[PDB]
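What follows is a short report on a single structure.
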Amino acid sequence: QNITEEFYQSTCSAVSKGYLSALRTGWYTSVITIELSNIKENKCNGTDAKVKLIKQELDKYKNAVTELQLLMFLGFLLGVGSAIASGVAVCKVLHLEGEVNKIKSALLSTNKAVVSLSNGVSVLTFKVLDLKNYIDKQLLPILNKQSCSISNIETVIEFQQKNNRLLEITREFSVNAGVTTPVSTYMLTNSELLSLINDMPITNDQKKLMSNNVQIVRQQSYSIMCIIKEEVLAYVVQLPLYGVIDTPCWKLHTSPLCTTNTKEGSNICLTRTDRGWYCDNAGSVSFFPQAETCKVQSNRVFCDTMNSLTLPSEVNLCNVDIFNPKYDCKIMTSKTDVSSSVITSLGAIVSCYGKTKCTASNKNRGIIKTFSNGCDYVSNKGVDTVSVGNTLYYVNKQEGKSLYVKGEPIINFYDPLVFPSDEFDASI
Amino acid sequence: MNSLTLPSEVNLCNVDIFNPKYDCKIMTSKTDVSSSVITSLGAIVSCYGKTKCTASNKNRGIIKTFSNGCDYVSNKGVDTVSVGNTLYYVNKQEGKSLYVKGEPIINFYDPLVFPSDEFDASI
Amino acid sequence: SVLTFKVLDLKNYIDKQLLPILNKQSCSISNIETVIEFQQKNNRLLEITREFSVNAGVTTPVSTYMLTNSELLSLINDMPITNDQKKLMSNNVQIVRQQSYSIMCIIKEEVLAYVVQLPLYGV
Amino acid sequence: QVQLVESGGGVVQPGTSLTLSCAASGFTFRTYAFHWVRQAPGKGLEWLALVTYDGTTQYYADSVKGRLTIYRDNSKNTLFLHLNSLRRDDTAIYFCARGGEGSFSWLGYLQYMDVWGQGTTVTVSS
Amino acid sequence: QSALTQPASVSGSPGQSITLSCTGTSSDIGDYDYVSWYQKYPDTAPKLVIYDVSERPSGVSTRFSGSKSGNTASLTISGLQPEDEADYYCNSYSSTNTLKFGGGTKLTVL
Amino acid sequence: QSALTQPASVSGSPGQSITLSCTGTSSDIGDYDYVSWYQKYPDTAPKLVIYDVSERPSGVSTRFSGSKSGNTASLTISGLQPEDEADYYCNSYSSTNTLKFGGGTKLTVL
């Protein structure tokens, strides 16, 4: 859209102003039901050829069902919390006597339903598969005949298509040990997810956002095994809610900033330690330092608020003017001077120091820019690759407008050698 | 394979923080940011400064408000906890928890003598 | 003298049920079942190779293609351990599946075999 | 001591949907399954309906499907019948039946007759 | 109403044998091996005497014998008794998810 | 003992042709393209003369010609020699994982 950033030379940092928050600040459970019947002994005589196939399929199905039965830089500042908390609570609710029977009875003929539980929670129940009807109307009458004589090769083949799911679901639940992330398409098909989205009690904007980005809401969801009593496989999906929608917010990148002293090892320098995302939620700001948790998709970010900071709203003031008596503006100081570079949304920041070649080149005319000293900026639509020392970075090539403001080397304000070389967590 | 062979005299430090028998490693700083953790049977909340704190449940709603200092809520009193603008779901599996009364150890020390420049230190 | 187990029997099937049919003059298999059950006796192998082409030799956790649940239960009751360890590590097959490693071994003489590293439980 | 006790019946005008009730005691009810048969004077037995554990799955007869509903309430250990649009040919005695051994829904496992009941007589007249 | 054909009545002297039968089709009685023979005295509830062609319940005398052949189920007795004057019904599973009863036969002694 | 039938004996003049054969069932010498023709002089071990229906090994004459038709395997020779008085056998693969020989024919020259 209008992705723009303003590189401030005061402290080497890129602020990619202009995005949309779409934060995730809510959990919504949903119960997905696979119905299945309990077969007795096979009661089929004669090996034949197709009878062997049916026997293998039924044996593997029973093995799957019995296996599933036998189943039942600011990172330190973040708090911790349980992610599977709503799913386990709903499962513990389902363990109560006379509860899954409500799920089965109420969901008799429709596919989707809304029911009540012991504690009064209204969750969405959805039948995903209908193995009961197929196994009690199309296979057992054929197999239970005396002198089993399967005359239809289709019998087995379509059976495969109606067994695969109940097989491979179990497969995943045997590998991930109960909970799976992300929810695979076997656990929830795309059309199934789309149908389930438009039944949640949420506003129209939330439905539009979460229906148009099914891949991301698939990546951020959880799954958990529940009771299997009364021959009804039930598992809880944890499709995330989306409280705040369409509030402008930004991403901040930092880089080292050191003096070019001739004497090696005597160039003290500080770097801002705030890399990550800042999103304007309510009258405060929500801060995500973990850049790996935040997901990006076409100007819209999707980030879990469970790992965040409730930072005060007066944080853009520190971003604009570093030296203000209104925010401590956390930093970290060291005497290590090693060439490095970062790749922001619309350009490349270079912080190479000392005897180390620095270059920026493109595939058209080759070498275009050479960096002398200090951290510098190259816009994305001027260059294609950047290189520091002996390593090569590919700058992002997505359209946008970038403006490179002029600043001053703030570390020259400080005395040549009074700084400590000890802190990973300090402030101005 | 990724463990520490810590000496058996570790429960004493756990019970009484100030004992001449163990280091009782700590890390101190001057950063004050609201945060909370979820234990096995409850929620610990350390919200500080001008930041709203709440503990609520799906039946009666808001039940407890934390004033200042770190506090604890048992799992079978609340269903969700919220600090600042973020919401945590407390564990909801049965158990018995007892909340002993202590004292704010930080008030024993001098108001400002601490270093705030370490990640690996002991008492 | 750790162990050894034969997980599949492609020898018998491919030397008694498929090659006699295919090696005939102008081979024209009329049995549609022939191919189909062949799929069931090939899938496993294919899938195994698939995993070994993605994780570059070592895989965590051991997928159920590598060892089916009943197979793991049968292999559990053979290793020389006490009854309590057998009961504990047999009743939590998903966890002991999550903590095991699978590695490539030799392939000579068409006896392609791999080493599973099911963890012990001392204390 | 396995025995079934019946309730309801009598003379019913054409139409006039009548709810019929069975009962049971002395044995586990939520495990076994039940079904319902009827017999008319001068004729034989005629399959009427079948219910497995709970209201999970219900099987109906070809000549009766649509006109009849059968369900069960395990809290009161009772079995209920609702038939509407009663015709002139429903004059008969209704019998409860107990069948099945385990938690199965396939009707093939559900044809056993371990016990029977006493039946209720229902007749229509004008 | 579809049903299963059975003889109207059969008569035999005490201490003799009968060959009662009921005929169906390829998808009922003649298959699925679920042939059942039920007793009925007047004014009394019916009882299960034979199930799954030849299998027998508890408390039944060994005089009965059930079998199936082609599309016909057959019941045979030995040593007829005066209390055998009753009604016989054959019940078996039909392919279209139903349990089909017979037409009823009357057994009398002379 | 199952085997492959062959003529008891054949006699030929020098420089002539014979068309001897051995017959079997479908899961036998018939088809499968595994016809083998094998030599035997008395007191000496057999030598390979024909394998794979019509193919011939190294260091052997091209005078022999083997073929198959329907359920029969046939051997023809041109330019008979006095040293051809010997025993002839046909070897073929039976579908039940076995390799069956023939009954043995005696070739003599006059």
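Worth pointing out:
- Taken over the range B:73-123, the criterion of being among the aromatic types (F, W, Y) and surrounded by 10 or more Cβ atoms within 10 Å (Cβ to Cβ) is satisfied by B:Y88, B:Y89, B:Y99, B:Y109, B:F114, B:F119.
- Residues (facing another protein chain (nearest Cβ under 8 Å) and over 20 Å from the mean Cα position of the chain (by Cα)) located in the range B:95-117: B:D117
- Hits in the range D:50-65 (condition: within 10 Å of chain E (Cβ to nearest Cβ) and within 10 Å of the chain's Cα centre (by Cα)): D:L50
- Checklist (1) assigned to a loop (DSSP other than H, G, I, E, B); (2) within 10 Å of chain A (Cβ to nearest Cβ) applied to C:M79, failing item: (2)
- One residue stands out among those in the range D:1-39 that are among the aliphatic types (A, V, I, L, M) and closer than 30 Å to A:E231 by Cα: the one that is farthest from the chain's Cα centre (by Cα), which is D:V2.
- Here E:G15 meets the list (1) within 13 Å of another protein chain (Cβ to nearest Cβ); (2) not in a strand (DSSP E or B) almost entirely, failing just condition (1).
- Condition met for B:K25 (touching a helix residue (DSSP H, G or I) at 6+ places or on another chain (Cβ under 7 Å) and of a type outside the set (S, T, N, Q)): no
- Of the residues making up the range A:304-362, those that are among the polar types (S, T, N, Q), outside any loop (DSSP other than H, G, I, E, B) and surrounded by fewer than 20 Cβ atoms within 10 Å (Cβ to Cβ) are A:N316, A:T333, A:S334, A:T359, A:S361, A:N362.
- Index of the failed condition, C:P61 passing every other in (1) more than 10 Å from chain A (Cβ to nearest Cβ); (2) in a loop (DSSP other than H, G, I, E, B); (3) surrounded by 12 or more Cβ atoms within 10 Å (Cβ to Cβ): (1)
- When E:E55, E:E83 are checked against the criterion of being among the acidic types (D, E) and closer than 24 Å to D:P41 by Cα, E:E83 stands alone in meeting it.
- Some residue of the range A:279-302 being within 14 Å of chain B (Cβ to nearest Cβ), farther than 24 Å from A:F424 by Cβ and of a type in the set (A, V, I, L, M, F, W, C): yes
- Of the residues screened, D:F95 is one that is part of a strand (DSSP E or B), crowded, with 16+ Cβ neighbours inside 10 Å, at the interface with another protein chain (Cβ under 9 Å from one of its Cβ atoms) and in contact with a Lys or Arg (Cβ under 8 Å, 6 or more places away or on another chain).
Here's the yes/no breakdown for (1) under 26 Å from the mean Cα position of the chain (by Cα); (2) more than 21 Å from A:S37 (Cα to Cα); (3) among the polar types (S, T, N, Q):
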| residue | (1), (2), (3) |
| --- | --- |
| A:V128 | yes, no, no |
| A:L139 | no, no, no |
| A:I142 | no, no, no |
| A:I153 | no, yes, no |
| A:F159 | no, no, no |
| A:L167 | no, no, no |
| A:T189 | yes, yes, yes |
| A:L196 | yes, yes, no |
| A:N204 | yes, yes, yes |
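- Some residue of the range A:146-156 being surrounded by fewer than 17 Cβ atoms within 10 Å (Cβ to Cβ) and in contact with a strand residue (DSSP E or B) (Cβ under 7 Å, 6 or more places away or on another chain): no
- Residue match in the range A:188-207 (condition: away from chain C (no Cβ under 14 Å), within 30 Å of E:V53 (Cα to Cα) and part of a loop (DSSP other than H, G, I, E, B)): no
- Sole exception among (1) loosely packed, with under 13 Cβ neighbours inside 10 Å; (2) among the β-branched types (V, I, T); (3) farther than 30 Å from C:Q17 by Cβ; (4) more than 13 Å from the chain's Cα centre (by Cα) for F:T19, by number: (4)
- Among the residues of the range D:98-126, just one is among the hydrophobic types (A, V, I, L, M, F, W, C), away from every other protein chain (no Cβ under 12 Å) and in a loop (DSSP other than H, G, I, E, B), namely D:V124.
- Residue count for the range A:1-29 under the criterion of being farther than 29 Å from A:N204 by Cα, in a strand (DSSP E or B) and out of contact with any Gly (no Cβ under 8 Å at 6 or more places or on another chain): the result is 3.
- Test result for D:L68, buried (at least 16 other Cβ atoms within 10 Å of the Cβ), under 11 Å from the mean Cα position of the chain (by Cα) and more than 11 Å from every other protein chain (Cβ to nearest Cβ): yes
- Flag if C:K41 is within 10 Å of chain A (Cβ to nearest Cβ), out of contact with any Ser or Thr (no Cβ under 6 Å at 6 or more places or on another chain) and basic (K, R): yes
- Picking from residues in the range E:18-52 that are part of a loop (DSSP other than H, G, I, E, B) and in contact with a strand residue (DSSP E or B) (Cβ under 6 Å, 6 or more places away or on another chain), the one that is nearest to the other protein chains (Cβ to nearest Cβ) is E:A45.
- Selected residue [farther than 30 Å from D:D54 by Cα, of a type outside the set (K, R) and in contact with an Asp or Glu (Cβ under 9 Å, 6 or more places away or on another chain)] from A:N198, A:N267, A:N213: A:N267
Backbone-built Cβ (ideal geometry, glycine too); neighbour counts: all protein chains shown. Where a number appears in this text, it was derived from the coordinates with a stated rule and is not lab data.
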